[PDB]
């Protein structure tokens, strides 16, 4: 049937969009391919933890996997599973694996909560057509407030055993002249204090994060989505995957949608039409829908920039072996609190998250997720034989990112007399993981594939709202930028078009 506005997905862009449409009085349907995560599972919990993965962990796989960095300790808990509509999807392309959330809330379900604004000078470099003053004065602060961003208590941080691993890295970086910064989060740090005291059920302190948090983490279902549902104007349909998009003869849109059950069985194929169509299926999901629509002839007026400009936010993982006298602790919070900020907009920039190790025993390992400035981009191309978008990206395109990361961590190794670990990421002796992405960005870049407010070129009433808009890099963990850009864009769209 017909609904005035449809939003595809329930991630950050989509959640912003639906809230503001509902507040404006526009009846809005959200379609989400994954589940609503609100039913206790066989252990009485909604989500599985990292030490007890089960079918809830994974989107349609037949075996659980250890989180990157932790194979040596966590492979022992892996098991065969039934393919199921689980929360974390590892999407494998030829030379890149991308990790995305699937469910009501999208990646907010599975992310580490780190809520960081990009440096203004870099924002200006990457999106020169956007007025940066309005972003920093108005839309970033709106995003932070709505997301429920909060700050750790620094006294507690200094004292607690749960953050020893971060203190050890801050000291080691300090020896090399590098500074650290506290990073705000959407996990409730007050709640975390109470976990540590044994006062409330543990989540961050019970090795939960990448398959969801049973407590503590203010994912989008608690914030934007709850507010959107509260307008009375927004409905969410789950286990509904949009496959195709076409323009009806009179300028509306019609979608073909598959309804599945949690075992992946096709129940129904539906057609939904609308006046206003907002894509929030993420960098991979929105880009695939649009490249399919262009190359199969259902949206023939899309431009040649659709599919282009993809980058993995310079994501590289590395690890250092500590001296025996510098243990990182058997108890490590799952929510990072500190980063190393060596980002000066030069080619050697790095912002590195100090990541926890989920092993629950002393490993002496310090793990980092580095964000680098690497100009290489990939392209999504449509494969008509398999009806999938394929990412044209090769491992050598990450060389600049590896070199930048290596230069930084070599400085820290030299100052402290430590070495890398080479055995954390599988078979090869490899100190730098260069074939994964947690922060996919691009494919439908703002100002190139769309206008400067995400209106897709060639079409009216067709909008993209999500990480596909960002040109491959933001220099920090990206969800606050996505959220703020969506706030900026939807405000304009609703005032001018709706």
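Positions refer to the first chain, counted from 1. Between two forms, the rigid core is defined as the largest C-alpha subset superposing within 1.5 Å.
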* Structure fact -> In terms of RMS C-alpha distance in 6 other deposited structures of this protein following rigid core superposition, 249 to 257 and 385 to 393 differ, and the farther one is 249 to 257
* Structure fact -> Per-stretch CA RMS vs shown form in 6 other deposited structures of this protein, rigid core as reference, larger of 426 to 434/468 to 476 is 426 to 434
* To do: Pick between 328 to 336 and 175 to 183: the one whose mean CA B-factor in the entry is higher.
  => 175 to 183
* Name the higher of the two by mean Cα B-factor in the PDB entry, 344 to 352 versus 297 to 305. => 344 to 352
* Given 231, 372, 269, 235, the residue at which the Cα B factor reaches its maximum -> 269
* Asked: From 103, 264, 285, 312, which pick has the Cα B-factor that tops the rest in the entry?
  -> 264
* CA B-factor placement of residue 455, once the chain's modelled residues are sorted into thirds -> lowest
* If you rank every modelled residue in this chain by C-alpha B factor, which third holds residue 493: lowest, middle or highest? -> middle
* Ordered by C-alpha B-factor within the chain, which third holds residue 441? Give me lowest, middle or highest, please. => lowest
* Compare the C-alpha B factor of residue 35 with those of the other modelled residues in its chain, then answer lowest, middle or highest third. => lowest
* **For residue 449, the third of its chain into which the C-alpha B factor falls** => lowest
